[PDB]
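Engineer: End of the sequence shown = 128 in PDB author numbering, gap-free, step of one.
Positions of the beta carbon are idealized from the N, C-alpha and C atoms, including for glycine.
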Amino acid sequence: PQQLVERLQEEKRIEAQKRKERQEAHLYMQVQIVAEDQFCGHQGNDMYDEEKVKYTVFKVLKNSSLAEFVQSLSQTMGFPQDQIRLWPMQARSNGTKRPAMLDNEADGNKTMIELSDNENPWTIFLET
């Protein structure tokens, strides 16, 4: 129950400085996104697959909510925003493979800087 609010505080504490509410600027944090058709459509083609296109870099406000990123990603790929699960990159090789989604509760309400750890372009996989 309490894990959702606990984790959210541990991250969001930076907001007194980094959530500095302003216009679009260098706060345009880049995020590397890739989708995959294999787990749904079965189009395993080598053409212009809008599924398996190059790392789609969305440059958006780190100081603003992940909610704006979700709705943007929803329209561009056609994924339901309620079902947009973000999966962060790890040391994903022989020795370590820990794939998990972000908490859709916390990580659709607070800022995306808390999740990135102030890096750009932040590599991520999209899930429905």
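Please report the distance separating the alpha-carbon of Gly78 from that of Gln43.
Structural biologist: Those two C-alpha atoms are separated by around 16 Å.
Engineer: Give the straight-line distance between the Cα atoms of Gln17 and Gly41, rounded to the nearest whole angstrom.
Structural biologist: Using only the alpha carbons, I get a separation of about 43 Å.
Engineer: Within the same chain, show all residues whose beta-carbon is closer than 6 Å to that of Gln83, passing over the 5 residues directly before and after it, in chain order.
Structural biologist: Excluding positions up to five away in sequence, the list reads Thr128.
Engineer: Going by CA-CA distance only, name the one from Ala35, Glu68, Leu61 that's closest to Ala25.
Structural biologist: It is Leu61.
Engineer: Just curious, the alpha helix (DSSP H) that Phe69 is in, first and last residue?
Structural biologist: Start and end: 66-77.
Engineer: Does the beta-carbon of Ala35 have 16 or more other beta-carbons within 10 angstroms, so that it is buried, or is it exposed?
Structural biologist: Classification for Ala35: buried.
Engineer: Is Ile33 near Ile124, with beta carbons less than 8 Å apart?
Structural biologist: Taking 8 Å as the Cβ cut-off, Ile33 and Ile124 qualify as a contacting pair.
Engineer: Roughly how many whole angstroms lie between the Cα atoms of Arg85 and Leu8?
Structural biologist: Cα to Cα, the separation comes out at about 17 Å.
Engineer: Taking only the alpha-carbon atoms, compute the straight-line gap between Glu11 and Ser65 and give it to the nearest angstrom.
Structural biologist: The alpha-carbon atoms of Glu11 and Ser65 are separated by roughly 13 Å.
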